[PDB]
Each structure stands twice: as C-alpha cells, then as structure tokens.
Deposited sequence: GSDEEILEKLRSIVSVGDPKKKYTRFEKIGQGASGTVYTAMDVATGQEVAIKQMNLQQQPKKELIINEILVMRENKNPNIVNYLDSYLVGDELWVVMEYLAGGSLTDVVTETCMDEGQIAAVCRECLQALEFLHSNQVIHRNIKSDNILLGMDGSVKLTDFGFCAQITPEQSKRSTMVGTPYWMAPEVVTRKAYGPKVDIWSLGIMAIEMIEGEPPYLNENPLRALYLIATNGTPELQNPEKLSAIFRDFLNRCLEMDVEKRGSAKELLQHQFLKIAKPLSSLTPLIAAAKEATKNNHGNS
C-alpha cells in the first residue's frame, strides 16, 4: 500500500517517550486518544494525540505543516500503528463549552469572530478551504487565545480548479451550496462562521433538535436561518451576521472584507474571554 509508506515518509524518527515527559490523558473519543505532556528542555506543555481512511491523516499533517498561523492550533511533531501527533496545547478548551454553558456579550463574540476571521483570511489566501468550521474546532488559551484546528476535511484549491462540489463538513454548519452539491469556494467557511456566531448567540446552531438529514433538507429549502430573538442584537451585529449568512455567494462577504466590518470594532480584549472559560469549566465539572 503506497499510501501507508507515503505517511511513514512524512513523520520523523526519534523516540517520543524521550523528548516529552509526564504524560496525562485528557481525551479519548471519536478520533483516537489525546494526552497532555511537557517538553524536557524548555518546559513547554503540549498536547499529543494517538484506520479508517489514512488519507485524512496525510493531508492533515501536510496541510498543517505548511499553514502555520497565530490563530491556528500549531502542529509541532509527529511519530509512529497509531500515529503520535504533538500539537500546541490550549488549556481553556473548546469554544463549544463556552457557547453552550455561558452567555456571551457582543464584545466577546466580536473578539472570537475576529480571531477566527484572521485564521480564515490566512487559509483562504493560501488556497485552503477548511470546510469544517464550528465551535468544536475552536480551542481557547487560558489567556483568552482563540485558535482553529481540525484540517481533516479541508480542500486545497488552485486557479485551474478553484471549486469543489462534495458534501463535506458538519450538516448544521454547512453552506447551502455545499449541501446542494454545487460548485463552492472558500466562502463556505464564512457561512460556517456565521452559524458559529449563531451558536455564540443562541447556544446551538439552527435545527440542532432535528436529525442531521432533516437539517440538510432544512438548509436546502430555507437558505438563511432566522434568529429566535433578532431584537436582542445590535444593528451592527445583525449586519455582520447577514453578510456571513448571505445565500448569494457573490454577495456573501470574504474573510478579508469582513475583517473590516464595524462589528469587530467593538471587540473586547481576549482577556475578556477568561471568565467565560472559567464559567464553562465550572459548568461542565
């Protein structure tokens, strides 16, 4: 199997057990097994993750290695039947706990959006479509840092073929043009950011109480989802939302132009996120 040796060609040699010490488990679910650890020489804390389809793996590592960014969970090293991937450790945990257990004000939401847009602006400029933007794939630093991960469903595009048409991602966060198997581009990430902002407002994406297929159909025949309580939001927030969740892909904002939106100007410092992190940690204890 050529692929299996293409993977072994990527990862480096050396013994993992010898470079890091004090390993402690913190994750084991629909992925593999995630542990925490520390660098012996510098004292840096790291996160180390440990069939089916070993291609998502290859592209993950490859795409992560050549797309380093302050707003992306940094890939560090890799070792080898289960792969050992060493990554930047963010102690604040996932955005999901924050959106489901806490109320976020517009300044806090704007700050997260801005950090995410900056990640997206970087990826889209390097011809990378994430395709799986959701609060679950946003990690938080104990200092308030906001970073993106999960490049297992991404698509590297080119001027010759700048569109995809496959149904990938997570249903509730998928743009209509992805759901309808049309020719789509990087702006699908923008749609998904918009749905994530709806998470930050309401606690969950639209249609979450429905089954994934019903949600797929609902997205297909509703287009732009409605807020339960639009009146709660400022006019500038609602406008930012409308341009993320625009049906017309041409009218929908890019990461670049959305970064200039007046809504992001009311963003709080990322330190305003640490009380949300503490609340989420308390809430899920």
According to the record, which stretches of the deposited sequence lack C-alpha coordinates? 1 to 3, 54 to 58, 89 to 90, 296 to 301
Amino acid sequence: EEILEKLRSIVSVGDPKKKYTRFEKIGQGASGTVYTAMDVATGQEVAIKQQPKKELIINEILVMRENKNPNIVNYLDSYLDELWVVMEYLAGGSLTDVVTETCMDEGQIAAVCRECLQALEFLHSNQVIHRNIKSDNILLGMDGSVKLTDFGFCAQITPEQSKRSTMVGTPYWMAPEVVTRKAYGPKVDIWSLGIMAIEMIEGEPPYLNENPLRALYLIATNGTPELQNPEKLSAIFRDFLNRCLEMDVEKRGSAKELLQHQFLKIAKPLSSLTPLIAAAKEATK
From here on, numbers count along this sequence of modelled residues.
Entry-level comparison of average CA B-factors, 125 to 133 and 97 to 105, reporting the higher stretch: 125 to 133
Between 55 to 63 and 256 to 264, point out the one with the higher average CA B-factor as the PDB entry records it. 55 to 63
Candidate set 190, 85, 111, 197 [ranked by C-alpha B-factor, highest]: 85
Highest recorded C-alpha temperature factor, please, choosing from 225, 230, 29, 70. 29
Place residue 116 in the lowest, middle or highest third of its chain's C-alpha B-factors, as listed in the PDB entry. lowest
Thinking about Cα B factors across the chain, which third does residue 80 belong to? highest
What third of the chain does residue 214 rank in for C-alpha temperature factor, lowest, middle or highest? middle
Cα B factor band for residue 235 (lowest, middle or highest third within the chain): lowest
Can you work out whether the C-alpha temperature factor of residue 142 puts it in the lowest, middle or highest third of the chain? middle
